[PDB]
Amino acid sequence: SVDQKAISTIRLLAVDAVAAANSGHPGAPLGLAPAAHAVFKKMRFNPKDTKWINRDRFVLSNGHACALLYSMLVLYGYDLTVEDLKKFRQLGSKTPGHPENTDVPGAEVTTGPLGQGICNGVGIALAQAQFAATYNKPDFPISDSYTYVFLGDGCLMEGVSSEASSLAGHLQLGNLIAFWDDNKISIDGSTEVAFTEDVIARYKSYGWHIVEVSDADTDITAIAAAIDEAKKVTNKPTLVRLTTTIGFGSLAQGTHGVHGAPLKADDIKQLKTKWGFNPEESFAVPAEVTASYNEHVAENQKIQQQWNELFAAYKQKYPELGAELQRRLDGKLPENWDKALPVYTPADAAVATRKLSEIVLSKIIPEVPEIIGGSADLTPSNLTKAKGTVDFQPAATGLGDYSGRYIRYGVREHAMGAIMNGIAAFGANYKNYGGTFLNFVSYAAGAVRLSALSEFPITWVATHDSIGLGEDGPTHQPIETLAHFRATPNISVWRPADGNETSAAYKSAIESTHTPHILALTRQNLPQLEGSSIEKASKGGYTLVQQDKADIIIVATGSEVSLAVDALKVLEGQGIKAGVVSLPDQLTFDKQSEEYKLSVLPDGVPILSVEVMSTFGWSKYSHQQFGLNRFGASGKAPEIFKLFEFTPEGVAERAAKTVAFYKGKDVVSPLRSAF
């Protein structure tokens, strides 16, 4: 039949791509081609409009199986061709060895690191439920799409997927349909060596629905029926167990050797002949497969055309909601939304930046409907919920509604991070955030790095940034954390010192379209600074205190800016004139013009950095660095600062030593380099 021919075509495109690269993973593509064919035939999508907001989404969580995804996208006429398949895994191609959303048309998210994609699918489904609850009206199903995820044994072993699956079951996300490639083989061999749990019983315990397909090597009728069954279960996510043979058809089917290396040439020949293809030909695309797939595309395009007319009718019936939806689909924030950001003066009281963050959220959430977010069981400590908002929960629980704006992630930082990526991936201008303590953002590093690589504008509300948290002690106090994330490409790491800087950090985070943000916020109170403003802090680094005859400039962030200002006064008593630079975001600063940056960090003056954590990175901006390169301590925070000499006198002493060290030396800006 044409369906059988399509499945063989998919299998052989994937195998031929791996062969051409002499690199990659043929096993799971061979095993999952029937399911991929069946799922894509049920999906609504437009190859010519990858951003249609009511499309069904597909996520390949087992991203090593990407030759399968690329084959589907090519066959359906996305902006990806057989010539791109021939360049699989080659430098600069549109067919990299794991899918990247920035590079591959039709790749919703970036996968490859196991466990991430299923969690991203939870986030796409969470966003779809929130979006539908916000906009749908009687006779106006603006959003009614599904989220389909493929995943393997490795994804099921990774703890992040357990976190997200527990939460998705709690959230009753009935438009999520996941498919487990139950092939009993991972890199180390049989799953009997390490993975003998009853997966299905575990997913039932989370509140998922289960469908089992025992013959998924051939039974596409049962796979399609499993989708139909899943769609009838509107209050549970569904896991479809696909019992497959890894490498189905290969001489080496059912072995670990077919997971991750190219097939032998004679194996590929026998695959082709058994399936009616020419063993002398590679990258064959039978025209009857193209015709069948084109029929489905044409039907999907008529569905999108009708959706566009539904949307036009919605704008007439619901003028305000319709204009809001249009603005969001255009990628634009509300006009002048930033007028809601709080502004402070030096006459205002000292406030912790966690509390300043709460106040910002309180003001901007009512103004910007596409902001949603939550906390990983730290709501009363991170201060991430705006009073008067409703939680995102299924209404059946009585605890919230899908129209809610605040997510109770539970103690699940890693899944929160990956779910945030999925909410961003949904689109519709979602600007979403997640709270935890800065030190426990590290639990989510796998997902955070993917926010950066995927260019998603997610925001971590990362409170309790330092030893300033006090008594909880060194297991809670960051040292390395900012260096880690600042060293990752494409992460804006804001460490605001006061009210105006906190508003600038949020302006950046919400306006972002391609850069994730981490906002490092304090437990302890900090004064409002003389010289701060949203305008200057928006530059990432700025001259807080200008001193034309400076003997030294002190550059600092966060809680240490006030310390630097106090040190300036001690230094004046010693006959040393200092300037102060505040550097709330190194990435934003780096992106400013060379001339602006040199106006902040000029030649001809020693520069000392002060920040109560690792000194790594700081030589970009300073000649000498005063930091904390050891673990913290459990005690009252002011006593810890005193212990480590993060006091006005301790900073002044080091500043004076810095001036002395450069006596009779020619000093150029740290911004200069040889290349």
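Between two forms, the rigid core is the largest collection of C-alphas that superpose within 1.5 Å. Quick note: we count residues from 1 along the sequence shown, nothing fancier.
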Open item on the list: So, in 7 other deposited structures of this protein, taking the root mean square over structures and residues of the Cα distances after a rigid core fit: is 304-312 or 385-393 the more displaced stretch?
Closed with: 385-393
Open item on the list: Quick check: by Cα RMS after rigid core superposition, does 197-205 or 374-382 differ more from this form in 7 other deposited structures of this protein?
Closed with: 374-382
Open item on the list: When the Cα temperature factors in the entry are averaged, is it 20-28 or 661-669 that ends up higher?
Closed with: 661-669
Open item on the list: Highest mean C-alpha temperature factor of the two stretches 374-382 and 334-342, which is it?
Closed with: 334-342
TODO: Name the residue from 519, 225, 418, 109 with the greatest C-alpha temperature factor listed in the entry.
DONE: 225
Open item on the list: Using only the C-alpha B-factors in the record, can you name which of 549, 449, 412, 476 has the highest?
Closed with: 549
Task: Chain-wide C-alpha B factor ranking for residue 643, given as lowest, middle or highest third - done: highest
Task: Chain thirds of CA B-factor: placement of residue 318 - done: highest
Open item on the list: Splitting the chain's C-alpha B-factors into thirds, which one does residue 636 fall into?
Closed with: highest
Task: Third of chain Cα B-factors occupied by residue 492 - done: lowest
Task: residue 42 by Cα B-factor - lowest, middle or highest third of the modelled chain - done: highest
